[PDB]
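Take a look at this single chain in structure tokens; it is the form deposited in one PDB entry.
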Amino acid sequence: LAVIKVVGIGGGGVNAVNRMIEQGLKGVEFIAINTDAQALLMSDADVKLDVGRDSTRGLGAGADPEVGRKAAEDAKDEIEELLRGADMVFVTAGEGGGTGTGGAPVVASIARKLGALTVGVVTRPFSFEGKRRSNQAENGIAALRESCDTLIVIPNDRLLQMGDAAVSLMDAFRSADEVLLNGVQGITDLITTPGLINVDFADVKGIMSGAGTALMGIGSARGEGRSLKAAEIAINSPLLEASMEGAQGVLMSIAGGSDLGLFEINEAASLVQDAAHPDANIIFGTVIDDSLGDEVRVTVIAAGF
């Protein structure tokens, strides 16, 4: 039984972790790291960690990656203790800010030296947030990639092509929350709550260790030929580029109720096998989830380029 910790660092990461908690992501410990005491108050994470300066006083708002990086190393001993003896560590953040952008590569480096399989799950900022954030996020991703075994990057721009035409500025970030959850849960659920086609940690570790940069796709469908449709949506998801075939490795999960048909599972499995490069390592499994009813959702992670 695996020890999996999910770290949400910076404002966005903490909000993402709250969505995960709110949605009932199980079998994982949630850690919230921030510089701001006030924002940490609204967090529902098991473990919270205030860092850097007091938010109750001076400059909480400034978004400097250098500030966030320094704050992290001033807490390296405390962080290491929170990640003590974990088998897997997820580092979720919204790239572009200060706390997340600079702090994340530190948290990951620590988790990796502890010997844990280190998976970063971050978002690229929306273009409407300006080039300054686009720039910072770009360096923050370069850095975090060095510290992770695998780094899944979700381009926020593509979420707007999926969400409704008339969405608020707040609905936009709720989608960002939801997709970060999708990334994490799509992987952890394979381990914590497997179905008929059982995948164990060793399989996942094999496909994700030193994988480098990675991308994800999600899909879901109902009733009539659902599993195939869901799988098809996932492999064609805009979040995943055309570069599904360019992947060295593919991790795939299909979640559904206890009554998830073997035939269904097989059709999804076959589709991904055909869609991926002939030489790619493909590991795939099923997840039991009664909260889905008669809907099934497929997650595809494509790694190694």
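Rigid core (definition): largest C-alpha set, two forms, superposition within 1.5 Å. Numbers follow the displayed sequence, beginning with 1.
Keep in mind that the form deposited with a small molecule bound is not shown, yet the notes after this line are about it.
No member of the trio 82, 89 and 116 reaches the small molecule in the deposited bound form with any non-hydrogen atom inside 4.5 Å. The small molecule is not drawn, but in the deposited bound form it has no heavy atom within 4.5 Å of residue 254. Although the partner is absent from this view, residue 70 stays clear of the small molecule in the deposited bound form, with no non-hydrogen atom inside 4.5 angstroms. Among residues of the shown chain, residue 268 is not one whose heavy atoms approach the small molecule to within 4.5 Å in the deposited bound form. In the deposited bound form, the small molecule sits within 4.5 Å of a heavy atom of residue 42. Per the 4.5 Å heavy atom criterion, the small molecule in the deposited bound form is contacted by stretch 42-50, the sole one of 259-267, 276-284, 42-50, 236-244. Superposing the two forms on their core leaves just one of 213, 192, 175, 139 with a Cα displacement of at least 2 Å between this form and the one not shown, namely 175.
Once the rigid core is used as the reference frame, the Cα position of residue 35 differs between this form and the one not shown by 2 Å or more. With the core held fixed between this form and the one not shown, residue 103 has its Cα displaced by under 2 Å.
Relative to what is shown, residue 107 and residue 170 are farther apart in the deposited bound form; their C-alpha atoms differ in spacing by at least 3 Å. In the deposited bound form, the CA atoms of residue 37 and residue 70 sit closer together than in the displayed form, by at least 3 angstroms.
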